[PDB]
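**Q** Here's my sequence, what's the structure:
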Amino acid sequence: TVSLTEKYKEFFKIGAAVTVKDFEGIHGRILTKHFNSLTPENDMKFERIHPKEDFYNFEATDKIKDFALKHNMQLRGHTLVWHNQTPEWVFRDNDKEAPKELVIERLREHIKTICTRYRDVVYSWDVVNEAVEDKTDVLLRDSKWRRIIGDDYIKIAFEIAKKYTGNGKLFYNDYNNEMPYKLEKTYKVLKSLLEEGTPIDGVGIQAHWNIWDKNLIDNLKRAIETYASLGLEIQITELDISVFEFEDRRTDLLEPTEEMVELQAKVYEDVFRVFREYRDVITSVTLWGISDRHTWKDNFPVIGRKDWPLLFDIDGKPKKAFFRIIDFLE
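**A** Numbers count the residues shown, from 1 in each chain. Take a look at the structure below.
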């Protein structure tokens, strides 16, 4: 019974994505033993915490914060500005589209309100999430934030958040951003934001990975080096390691194959060895979930199947991958 966080205390924070139900039963005990960082899985998303202009839902996030404070943990704030889960009131002005400066003012108020409430426990914020275009040639993903505020909206969000976040670190967070095509694109955007004085402290690599990606290790090294060459910290923000290739949508498996279990333990040992290696630039590694009992990979990208992407199994027990990644000395 080595604690993962205690084992990694000299390298980086060890975090898990949570909702309030995780504070109960086995998940509760796993968190308080092994993790010193929590990311609210959903409860800080714009639409969830701020569903109408005059209505915030602070209860779930307060509980997460109260939990973190009671157990000596800190939060990641996920996430302020994202093309998904942003309610439609933000972009409407009675029966018309809201203009740029009204949207900015709404965003300023939302950031002030939420960052003021939680900056005492939050050590890093995903200020902007998934702004870089994943599918076409163009740099920036089309979104209502982008359409209405214009291409400056990333810098604008960061300069706002900076005002209200104390000294939490401010992150740009995205997925596949270790892959060759997306890494290049994201390098350009970040380098250009930083050249314009945007107070971005770090890049979040979501790390939705799978056991079959033969390029993973080399991509991950090349990514960390490239972002670090910008002066940026790196956080691994949503790590899980699916047993399925992304396009393998089979729904029959009731448990992982033995090839799966063994490949997964190796992939985990391997990425954590990379994490340890770049420990001067990685400040936190968060897993997107606690145990395979509850994972968003059961419904994404296939509704209603089962995946086993995490470090603890369906009964809450340390998997092979767990004993793999605690296997080193400092």
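
**Q** could you pull out the strands for the stretch 51-200 of the chain?
**A** 74-82, 92-93, 96-97, 122-129, 169-174 (DSSP state E, counting those that start in this stretch).

**Q** Mind putting the ones you listed into CSV with mean neighbour count?
**A** Where C-beta positions appear, they are placed from N, C-alpha and C, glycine not excepted. CSV is the format used below for these (neighbours: other C-beta atoms under 10 Å):
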stretch, mean neighbour count
strand 74-82, 24
strand 92-93, 13
strand 96-97, 10
strand 122-129, 27
strand 169-174, 25
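
**Q** Looking at the ones you listed, which is nearest to residue 190?
**A** Smallest distance to residue 190 across those (C-beta to C-beta): 6.6 Å, for strand 169-174.

**Q** packing partners for the closest one?
**A** Judged by 3 or more C-beta pairs under 8 Å, 6 or more residues apart in numbering; DSSP states H and E, the packing partners of strand 169-174 are strand 122-129, helix 153-164, helix 180-195, strand 202-205, strand 233-242.

**Q** and the helix or strand following the fourth one, how far from the chain's centre?
**A** Spelled out, it's strand 202-205. As assigned by DSSP states H and E, the chain's next helix or strand after strand 202-205 is strand 208-210. In terms of C-alpha atoms, centre = their mean, to the nearest Å, the centre of strand 208-210 is found 13 Å from the chain centre.

**Q** If you count contacts, what does strand 208-210 end up packed against?
**A** So strand 208-210, by 3+ C-beta pairs under 8 Å, 6+ apart, packs with strand 233-242.

**Q** between the strand it packs on and strand 74-82, how big is the angle?
**A** 90 degrees (axes from the mean of the first three to the mean of the last three C-alpha atoms, to 10 degrees).

**Q** Quick one: closest of the strands of the stretch 51-200 of the chain to residue 107.
**A** Checked against C-beta to C-beta, the stretch from those lying closest is strand 74-82, at 6.9 Å.

**Q** strand partners of the closest one, parallel vs antiparallel please.
**A** Using DSSP bridges, strand 74-82 pairs in its sheet with strand 37-40 (parallel), strand 122-129 (parallel).

**Q** Now the element after the shortest one, going C-ward?
**A** Looking back up the chat, that one is strand 37-40. helix 46-49.

**Q** Extract the CA atoms of that next one and return them as PDB.
**A** Output of helix 46-49 as PDB, limited to C-alpha atoms (Å, rounded to 0.1, in the frame of the first residue of the first chain):
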ATOM      1  CA  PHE A  46     -19.900  26.800 -18.300                       C
ATOM      2  CA  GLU A  47     -23.400  25.400 -19.000                       C
ATOM      3  CA  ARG A  48     -23.400  23.400 -15.700                       C
ATOM      4  CA  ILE A  49     -22.100  26.000 -13.300                       C
END
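
**Q** could you say what helices and strands that helix packs with?
**A** On a contact count with 3+ C-beta pairs under 8 Å, 6+ apart, helix 46-49 meets strand 74-82.

**Q** at 7 Å instead, please
**A** Packing partners of helix 46-49 (3 or more C-beta pairs under 7 Å, 6 or more residues apart in numbering; DSSP states H and E): none among the helices and strands.

**Q** Which residues does that helix contact?
**A** Helix 46-49 is contacted from outside by 42-43, 56-57, 61, 82, 85-87, 110, 114, using C-beta atoms under 7 Å, 6 or more residues apart in numbering.

**Q** Which of the residues you listed are buried? Put it as a PyMOL command.
**A** Buried residues within the contacts of helix 46-49, by 16 or more other C-beta atoms under 10 Å, are selected in PyMOL with:
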select buried, resi 43+56+61+82+86+110+114
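
**Q** first vs last residue of stretch 120-137, how far apart are they?
**A** End-to-end span of stretch 120-137 (C-alpha to C-alpha, to the nearest Å): 40 Å.

**Q** now stretch 302-311
**A** With C-alpha to C-alpha, one end of stretch 302-311 sits 21 Å from the other.

**Q** Same check on stretch 143-152?
**A** End-to-end distance (C-alpha to C-alpha), stretch 143-152: 13 Å.

**Q** In it, which residues are buried?
**A** By neighbour count on 16+ other C-beta under 10 Å, the buried set for stretch 143-152 is 143-146, 148-149.

**Q** same check, this time on stretch 263-282
**A** So, applying 16+ other C-beta under 10 Å, buried residues of stretch 263-282: 263-265, 267-269, 271-272, 274-276, 278, 281-282.

**Q** Inside helices: which ones of the residues you listed?
**A** Of the buried residues of stretch 263-282, the ones assigned to helices by DSSP state H are 263-265, 267-269, 271-272, 274-276.

**Q** Just give the nearest non-adjacent residue to residue 98, would you?
**A** Distances taken as C-beta to C-beta, 6 or more residues apart in numbering place residue 91 nearest to residue 98, at 5.4 Å, with adjacent residues excluded.
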